[PDB]
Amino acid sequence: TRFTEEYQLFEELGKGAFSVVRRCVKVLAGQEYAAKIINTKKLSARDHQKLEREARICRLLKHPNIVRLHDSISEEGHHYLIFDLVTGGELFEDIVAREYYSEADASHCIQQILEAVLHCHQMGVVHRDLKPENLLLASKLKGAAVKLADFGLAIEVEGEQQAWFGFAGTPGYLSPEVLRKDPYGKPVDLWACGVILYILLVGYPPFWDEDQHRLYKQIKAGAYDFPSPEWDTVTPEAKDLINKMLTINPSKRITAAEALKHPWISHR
């Protein structure tokens, strides 16, 4: 139907579960995109819902630090998602490669992540799954935009509505309120931002334990610290921002707007 009529397929850029990503061109526009081609026949009822909600939620977001979903087409047994062409790979991969970021690079990175999160929150969306694996670099070039991706676990919220939206996310980045089965909302994204920022600076997470029971106990207790000597030379304002993000009471936790006005960021 409309995908074949408007888009021209080029080379494979990546593969997922029941999905291939190819470079494509909107023929009449002459602009290149990443076309995610999904075999809908292979998807479970659960997977179908997550595709539907991803297609709806990503499409209502428009921000330079969010991977833009330009189009969503359903044909005979194939779903097509047209995204921004992003060739820099995952923030996760860049952190593994570089080991850690300078305060200047960490601040620049988290600034772009908070702008993306602020946009989501203003548009009435909670991502629920912020992690370096779900953040992509626009290109290989230094200073290339960081873009938020994979809205498969994203929810719509009405203003400052708190509700039990279910147990969802990535263990290491899960907020205390989700672990506590509490009604939750926008703040869960800011906790994940704290975990990401911690990782950016020293290249290991504030909460890790092979024993998940211990891991979840530590998160709920806010039992993180700044080990020596790596943290000894990190500025107090950097640690202050992490502390305000890793606040176990989501009501007392710094917002995306507030975080962007923090001395260590100063973007708003």
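All residue numbers refer to positions in the sequence shown, first residue = 1.
Trainee: On average, which has the higher Cα B-factor in the deposited entry, 189-197 or 102-110?
Mentor: Stretch with the higher mean C-alpha B-factor: 102-110.
Trainee: Tell me which stretch, 178-186 or 71-79, has the higher mean Cα B-factor listed in the entry.
Mentor: Between 178-186 and 71-79, it is 71-79 that shows the higher mean C-alpha B-factor.
Trainee: Determine which member of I219, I66, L60, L43 has the highest CA B-factor, using the values in the deposited entry.
Mentor: Within the set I219, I66, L60, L43, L43 shows the top C-alpha B-factor.
Trainee: Check the PDB entry and point out which of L153, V125, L118, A144 has the largest C-alpha temperature factor.
Mentor: Comparing C-alpha B-factors across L153, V125, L118, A144, the top value belongs to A144.
Trainee: Ranking every modelled residue in this chain by its Cα temperature factor as given in the entry, which third contains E93?
Mentor: Its C-alpha B-factor, which the entry lists for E93, ranks in the middle third among residues of this chain.
Trainee: Which third of the chain holds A29 when residues are ordered by C-alpha B factor: lowest, middle or highest?
Mentor: It belongs to the highest third of the chain when residues are ordered by C-alpha B-factor.
Trainee: Report the third (lowest, middle or highest) to which the CA temperature factor of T255 belongs, ranking only the modelled residues of the same chain.
Mentor: For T255, the deposited C-alpha B-factor lands in the lowest third.
Trainee: What third of its chain, lowest, middle or highest, does the C-alpha temperature factor of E133 fall into?
Mentor: For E133, whose C-alpha B-factor we compare with every modelled residue in the chain, the answer is the lowest third.
Trainee: Sorting the chain's modelled residues by C-alpha B-factor, tell me whether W208 ends up in the lowest, middle or highest third.
Mentor: As the PDB entry reports it, the C-alpha B-factor of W208 lands in the highest third of its chain.
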